[PDB]
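So here's one chain in two forms, each on its own in C-alpha cells, numbered structure 1 and structure 2.
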Structure 1
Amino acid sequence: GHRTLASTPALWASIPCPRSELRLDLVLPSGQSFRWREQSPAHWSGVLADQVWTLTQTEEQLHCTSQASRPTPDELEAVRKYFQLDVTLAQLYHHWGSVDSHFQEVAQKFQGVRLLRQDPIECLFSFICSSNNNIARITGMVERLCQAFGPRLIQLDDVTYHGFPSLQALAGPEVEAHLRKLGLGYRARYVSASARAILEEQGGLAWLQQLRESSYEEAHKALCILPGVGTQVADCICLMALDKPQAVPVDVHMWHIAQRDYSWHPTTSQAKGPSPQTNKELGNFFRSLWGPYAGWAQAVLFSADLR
C-alpha cells in the first residue's frame, strides 16, 4: 500500500523547505496539476519524472519517498526542480504585497502557493481537458486518459499508476471514440486532433519543447493553433510548462477576482463582459500590477479563491 512517514521511516528522505515556502495542500489539488491524490491524510501521491512518489511535509521539512530504499540525492533533485525550489516565494510575496495591499491581505492567510515546473505534453493535454469544466471532473478525465493510453508504472493498494500518454499514442486510431466512452465530451477530438497536428504538421515534439526558449508572445501565438488551445489554455501552458512567469490566465475565477477585489472594468475593450480582447486586457492589467512573475501571483489568488 501507500507509504506513510510514520509506517516506513527508513524509506523517506527530506528536503529543507519551510511551510511558508510550500503548502502541498494548497498547490497539488488547486488545478495546476491534476495528477496528485491525498491517498492518506497529509500524504500526496502521484507520478513525478516517470515514477511514483508520496510527499508529506512537517514544519521545516518536505519528506519524500518497486522502490525498496530511500530516495537518492539525484532523485530528490527531480523533486526540487518540479517545485522550482530555487525560487524564493518569500521574496515574491514581499514584492507583490508591497505593490498591492489586497494581495497582502490574502497572502497572510494563503502562504506557500508556488508554481510547478511541468512537462509540456502532460500540461498541454491536461489543460485541453480543463476547458469549460470543473477540477473534480477534469481530474477524473485525466486519470482515465492516462490509464487507457499511458505506460503502466506500479500498483499501490488498488491504485495502478500510469505515465502520461505519448504524442504517438494520443494520435492513434479511434482515440477520439475511446475518450468519448471515457466521458471526455467534445474534448475527445481536441485531444486526438491536437496530437496529430503536432506530429503531422508542426514537426513533432521538438516543436513544443523549443517553445520554452521562445518568447511568451511567440509561444502563446504558437499554441493557439492547436485545437482546444485558445487564449486561456495557451496561457496556462506558457506559465506552467514553458517558463513564461508573466503569463496570466483569465478564466471565470480571475474574472470575478478582478471585479470584486479591484473594482476592475475594461477600458480599451468594447464589451463590458468576457471577450477575447477584454480577456487580453485583464491579463495586461495583472501584468502591470504585479510585474514579471504576475502569473505566479495569479496562482496564489486562484488557489485562495477555490477555498
Structure 2
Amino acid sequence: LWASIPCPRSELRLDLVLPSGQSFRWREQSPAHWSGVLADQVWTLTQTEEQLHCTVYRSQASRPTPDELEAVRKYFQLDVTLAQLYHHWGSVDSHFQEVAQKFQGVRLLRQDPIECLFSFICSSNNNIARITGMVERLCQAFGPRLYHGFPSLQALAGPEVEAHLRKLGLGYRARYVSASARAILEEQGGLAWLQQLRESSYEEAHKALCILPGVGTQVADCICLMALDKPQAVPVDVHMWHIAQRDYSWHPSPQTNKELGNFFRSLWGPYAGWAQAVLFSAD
C-alpha cells in the first residue's frame, strides 16, 4: 500500500520515464501506478512533488524495507542531482535550451546488464510496443514465473530448441538470441565478464559488446548508456537520427554514425547520454 520516499519531481518524472523504451518489464496495472518486476519482486512506481512513491509486496503489506528501497533508488540512480544539469545544457546547446525551457525530469536507470542486452537485442528494427509484448512472451515461455522473470544464462539456450522462440513472435531475432546466449557462455566469463565491461573504458566496452552476435553499434551504445554506466555514450536510434536531421546536420553508414556520435558527445559533454534521453522522450 501507499509508500513515499523523498526526491523532487524535477529530479525524475517517474510518470513518464518508465515507458520510454529503456526497460520493457514496465506496463500499467493501476492508473498512474506503473507495475514491473525487478530484483525478483514486483514494485509500484508513482511520484509526488516533494517525495517519490515506491511500495512493495510482503497480505501484510504496509511499507518497503530500507535495503529494497535503496536497491530500487540506486536502479533509478537518484543519488545524482539531475535537475541542475539544465543550467549547463541550455547554455551549451541551443536546442537543448528549448527542450529545457519546455519540460524537465528525464534521466537514465540501471537495470541488470543481461536484461538490458536481451531487451535491446529484441529491439532491433522494432517498435516499443512490440518489443514489450515480445519480452513478455519470451520471459513467460522460458524464464521463471516470479510477471515472469529473466532465465539463467545457460537456461536461455538449449538442445536446438531455438525454434521454440520463433513461436513467440521473435522472428529473425531468435537466431541472434540463441547464438549470443551460447557465446556469452562458451567464450566469455558470464556475469563477471559483464561486470568487467561495467568496469572497462568506453571504447573497450564498445568493442567487447559489438563482438557478440545480435548486438550492433546502437544496441551496444544502449547497453553502455544504461546498465553499464557509461553516460558519455549517445546511442543513435532512428528518433535520434531524425531529430539530428531536423535540428542540425553536416553529413547512414558506420563511419557516419561514428562521426555523429562523436559530435553529439562533443556537444553535450561528459553526461551526453542523460541529455539524449530528455531529447529522446520529446517524441
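We call the rigid core the largest set of C-alpha positions that still match within 1.5 Å between the two forms. Each residue is numbered by where it sits in the sequence of structure 1, with counting from 1.
- Comparing the two forms between the two structures on the rigid core, the single residue of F110, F103, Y82, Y216 with a CA shift of 2 Å or greater is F110.
- Relative to the superposed core, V233 undergoes a Cα shift smaller than 2 Å between the two structures.
- Taking the rigid core as fixed, one finds a CA shift for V175 of 2 Å or more between the two structures.
- After superposing the rigid core, the C-alpha of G203 moves by 2 Å or more between the two structures.
- Superposed on the rigid core, the forms differ at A148: its CA is offset by 1.2 Å between the two structures.
- On the core-superposed pair, the CA position of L26 changes by 2.1 Å between the two structures.
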